[PDB]
$ cat data14.pdb   # PDB, C-alpha atoms
ATOM      1  CA  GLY A   1     -14.437   5.092  14.059  1.00  0.00           C
ATOM      2  CA  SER A   2     -15.063   1.349  14.142  1.00  0.00           C
ATOM      3  CA  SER A   3     -18.155   1.683  11.952  1.00  0.00           C
ATOM      4  CA  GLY A   4     -16.994   2.604   8.462  1.00  0.00           C
ATOM      5  CA  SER A   5     -13.879   2.162   6.337  1.00  0.00           C
ATOM      6  CA  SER A   6     -10.520   1.504   7.997  1.00  0.00           C
ATOM      7  CA  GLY A   7      -8.982   4.046   5.641  1.00  0.00           C
ATOM      8  CA  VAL A   8      -8.781   3.474   1.893  1.00  0.00           C
ATOM      9  CA  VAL A   9      -6.044   5.535   0.243  1.00  0.00           C
ATOM     10  CA  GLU A  10      -6.994   6.332  -3.353  1.00  0.00           C
ATOM     11  CA  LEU A  11      -4.044   7.859  -5.207  1.00  0.00           C
ATOM     12  CA  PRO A  12      -4.003   9.140  -8.814  1.00  0.00           C
ATOM     13  CA  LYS A  13      -2.364   6.591 -11.112  1.00  0.00           C
ATOM     14  CA  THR A  14       0.381   8.473 -12.954  1.00  0.00           C
ATOM     15  CA  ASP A  15       3.638   7.265 -14.501  1.00  0.00           C
ATOM     16  CA  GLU A  16       5.300   9.808 -12.211  1.00  0.00           C
ATOM     17  CA  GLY A  17       4.846   7.312  -9.394  1.00  0.00           C
ATOM     18  CA  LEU A  18       3.255   7.005  -5.960  1.00  0.00           C
ATOM     19  CA  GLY A  19       6.244   7.715  -3.737  1.00  0.00           C
ATOM     20  CA  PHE A  20       6.096   4.650  -1.500  1.00  0.00           C
ATOM     21  CA  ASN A  21       8.196   1.502  -1.114  1.00  0.00           C
ATOM     22  CA  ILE A  22       7.125  -1.943   0.090  1.00  0.00           C
ATOM     23  CA  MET A  23       9.164  -4.923   1.284  1.00  0.00           C
ATOM     24  CA  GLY A  24       8.321  -8.537   2.067  1.00  0.00           C
ATOM     25  CA  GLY A  25       5.445 -10.495   0.580  1.00  0.00           C
ATOM     26  CA  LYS A  26       5.013 -13.796   2.407  1.00  0.00           C
ATOM     27  CA  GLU A  27       8.745 -14.387   1.965  1.00  0.00           C
ATOM     28  CA  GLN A  28      10.101 -13.761   5.464  1.00  0.00           C
ATOM     29  CA  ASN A  29       6.868 -14.513   7.322  1.00  0.00           C
ATOM     30  CA  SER A  30       6.050 -10.821   7.732  1.00  0.00           C
ATOM     31  CA  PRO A  31       3.073  -8.584   6.849  1.00  0.00           C
ATOM     32  CA  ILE A  32       3.266  -6.221   3.877  1.00  0.00           C
ATOM     33  CA  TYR A  33       3.847  -2.579   4.805  1.00  0.00           C
ATOM     34  CA  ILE A  34       5.526   0.647   3.695  1.00  0.00           C
ATOM     35  CA  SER A  35       9.298   0.251   3.987  1.00  0.00           C
ATOM     36  CA  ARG A  36      10.181   3.813   2.987  1.00  0.00           C
ATOM     37  CA  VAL A  37       8.255   6.939   1.991  1.00  0.00           C
ATOM     38  CA  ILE A  38       9.335   9.792  -0.278  1.00  0.00           C
ATOM     39  CA  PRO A  39       9.498  13.169   1.514  1.00  0.00           C
ATOM     40  CA  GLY A  40       8.401  14.725  -1.765  1.00  0.00           C
ATOM     41  CA  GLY A  41       6.239  12.209  -3.585  1.00  0.00           C
ATOM     42  CA  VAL A  42       2.551  11.861  -4.417  1.00  0.00           C
ATOM     43  CA  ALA A  43       1.909   9.892  -1.229  1.00  0.00           C
ATOM     44  CA  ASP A  44       3.681  12.351   1.070  1.00  0.00           C
ATOM     45  CA  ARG A  45       1.766  15.164  -0.630  1.00  0.00           C
ATOM     46  CA  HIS A  46      -1.555  13.334  -0.311  1.00  0.00           C
ATOM     47  CA  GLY A  47      -1.128  12.439   3.350  1.00  0.00           C
ATOM     48  CA  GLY A  48      -2.215   8.918   4.209  1.00  0.00           C
ATOM     49  CA  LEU A  49       0.568   6.400   3.638  1.00  0.00           C
ATOM     50  CA  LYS A  50       3.483   6.279   6.077  1.00  0.00           C
ATOM     51  CA  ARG A  51       6.320   3.907   6.967  1.00  0.00           C
ATOM     52  CA  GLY A  52       4.658   1.100   8.900  1.00  0.00           C
ATOM     53  CA  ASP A  53       1.163   1.128   7.421  1.00  0.00           C
ATOM     54  CA  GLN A  54       0.287  -2.495   6.659  1.00  0.00           C
ATOM     55  CA  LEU A  55      -1.185  -3.043   3.194  1.00  0.00           C
ATOM     56  CA  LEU A  56      -4.540  -4.770   3.682  1.00  0.00           C
ATOM     57  CA  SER A  57      -5.613  -4.891   0.034  1.00  0.00           C
ATOM     58  CA  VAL A  58      -5.082  -3.097  -3.278  1.00  0.00           C
ATOM     59  CA  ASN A  59      -7.560  -2.430  -6.085  1.00  0.00           C
ATOM     60  CA  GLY A  60     -10.118  -4.410  -4.107  1.00  0.00           C
ATOM     61  CA  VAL A  61      -7.796  -7.410  -3.949  1.00  0.00           C
ATOM     62  CA  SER A  62      -6.664  -9.153  -0.765  1.00  0.00           C
ATOM     63  CA  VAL A  63      -2.873  -8.866  -0.620  1.00  0.00           C
ATOM     64  CA  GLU A  64      -2.267  -9.592   3.062  1.00  0.00           C
ATOM     65  CA  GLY A  65      -2.459 -13.258   2.113  1.00  0.00           C
ATOM     66  CA  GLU A  66      -0.394 -13.134  -1.070  1.00  0.00           C
ATOM     67  CA  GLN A  67       3.170 -12.830  -2.364  1.00  0.00           C
ATOM     68  CA  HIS A  68       4.790  -9.481  -3.163  1.00  0.00           C
ATOM     69  CA  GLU A  69       4.528 -10.170  -6.896  1.00  0.00           C
ATOM     70  CA  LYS A  70       0.739 -10.078  -6.567  1.00  0.00           C
ATOM     71  CA  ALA A  71       0.763  -6.599  -5.032  1.00  0.00           C
ATOM     72  CA  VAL A  72       2.880  -5.307  -7.916  1.00  0.00           C
ATOM     73  CA  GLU A  73       0.498  -6.843 -10.451  1.00  0.00           C
ATOM     74  CA  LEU A  74      -2.512  -5.208  -8.798  1.00  0.00           C
ATOM     75  CA  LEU A  75      -0.955  -1.737  -8.844  1.00  0.00           C
ATOM     76  CA  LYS A  76      -0.397  -2.115 -12.587  1.00  0.00           C
ATOM     77  CA  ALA A  77      -3.830  -3.665 -13.113  1.00  0.00           C
ATOM     78  CA  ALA A  78      -5.379  -0.380 -11.985  1.00  0.00           C
ATOM     79  CA  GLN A  79      -5.988   2.430 -14.475  1.00  0.00           C
ATOM     80  CA  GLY A  80      -6.259   6.158 -13.833  1.00  0.00           C
ATOM     81  CA  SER A  81      -6.615   5.633 -10.090  1.00  0.00           C
ATOM     82  CA  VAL A  82      -5.564   2.950  -7.606  1.00  0.00           C
ATOM     83  CA  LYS A  83      -6.964   1.925  -4.221  1.00  0.00           C
ATOM     84  CA  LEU A  84      -4.565   1.162  -1.370  1.00  0.00           C
ATOM     85  CA  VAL A  85      -6.222   0.061   1.872  1.00  0.00           C
ATOM     86  CA  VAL A  86      -4.318   0.389   5.147  1.00  0.00           C
ATOM     87  CA  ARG A  87      -4.862  -0.178   8.868  1.00  0.00           C
ATOM     88  CA  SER A  88      -4.281   2.763  11.211  1.00  0.00           C
ATOM     89  CA  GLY A  89      -5.744   0.927  14.190  1.00  0.00           C
ATOM     90  CA  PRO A  90      -3.749   0.860  17.446  1.00  0.00           C
ATOM     91  CA  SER A  91      -2.190  -2.513  18.256  1.00  0.00           C
ATOM     92  CA  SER A  92      -3.868  -2.352  21.665  1.00  0.00           C
ATOM     93  CA  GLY A  93      -7.055  -0.640  20.529  1.00  0.00           C
TER      94      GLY A  93
END

$ encode --input "data14.pdb" --output "structure tokens"
Amino acid sequence: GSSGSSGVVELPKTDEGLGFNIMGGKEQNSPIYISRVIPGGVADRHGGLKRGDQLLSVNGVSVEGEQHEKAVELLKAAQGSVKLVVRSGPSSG
């Protein structure tokens, strides 16, 4: 579905956690993505974030072109609910 939203993942902000890990952050010259996912966390339950999904932007903030630290800050910046955008588009397509 070219026309529309790539796929914004809005998860409920709760101390409990999201259930997703991220590695990198313009440190090793690699894009930000989900390193590991909890088989029993909010994310897994929701159904949208999986190991590999590249983080495009969070809370309406471009992260792709920023250091890990930034990402972390954004997540905290949110309140009640966060917005994690990802790209599920096929490398070829």

$ atom_distance --input "data14.pdb" --atom1 "CA of residue 77 in chain A" --atom2 "CA of residue 60 in chain A"
11.0 Å

$ axis_aligned_box --input "data14.pdb" --around "range 57-67 of chain A" --padding-each-side "6 Å" --output "AutoDock Vina command-line options"
--center_x -3.5 --center_y -7.8 --center_z -1.5 --size_x 25.3 --size_y 22.8 --size_z 21.1

$ resolve_selection --input "data14.pdb" --expression "the PyMOL selection byres ((chain A and resi 76) around 12)" --output "list in words"
residues 13, 14, 15, 17, 18, 58, 59, 69, 70, 71, 72, 73, 74, 75, 77, 78, 79, 80, 81, 82 and 83 of chain A

$ atom_distance --input "data14.pdb" --atom1 "CA of residue 3 in chain A" --atom2 "CA of residue 52 in chain A"
23.0 Å

$ resolve_selection --input "data14.pdb" --expression "the PyMOL selection byres ((chain A and resi 36) around 12)" --output "PDB file with C-alpha atoms, keeping the file's coordinate frame"
ATOM      1  CA  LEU A  18       3.255   7.005  -5.960  1.00  0.00           C
ATOM      2  CA  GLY A  19       6.244   7.715  -3.737  1.00  0.00           C
ATOM      3  CA  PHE A  20       6.096   4.650  -1.500  1.00  0.00           C
ATOM      4  CA  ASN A  21       8.196   1.502  -1.114  1.00  0.00           C
ATOM      5  CA  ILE A  22       7.125  -1.943   0.090  1.00  0.00           C
ATOM      6  CA  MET A  23       9.164  -4.923   1.284  1.00  0.00           C
ATOM      7  CA  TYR A  33       3.847  -2.579   4.805  1.00  0.00           C
ATOM      8  CA  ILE A  34       5.526   0.647   3.695  1.00  0.00           C
ATOM      9  CA  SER A  35       9.298   0.251   3.987  1.00  0.00           C
ATOM     10  CA  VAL A  37       8.255   6.939   1.991  1.00  0.00           C
ATOM     11  CA  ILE A  38       9.335   9.792  -0.278  1.00  0.00           C
ATOM     12  CA  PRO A  39       9.498  13.169   1.514  1.00  0.00           C
ATOM     13  CA  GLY A  41       6.239  12.209  -3.585  1.00  0.00           C
ATOM     14  CA  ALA A  43       1.909   9.892  -1.229  1.00  0.00           C
ATOM     15  CA  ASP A  44       3.681  12.351   1.070  1.00  0.00           C
ATOM     16  CA  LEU A  49       0.568   6.400   3.638  1.00  0.00           C
ATOM     17  CA  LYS A  50       3.483   6.279   6.077  1.00  0.00           C
ATOM     18  CA  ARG A  51       6.320   3.907   6.967  1.00  0.00           C
ATOM     19  CA  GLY A  52       4.658   1.100   8.900  1.00  0.00           C
ATOM     20  CA  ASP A  53       1.163   1.128   7.421  1.00  0.00           C
TER      21      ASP A  53
END

$ atom_distance --input "data14.pdb" --atom1 "CA of residue 85 in chain A" --atom2 "CA of residue 32 in chain A"
11.6 Å
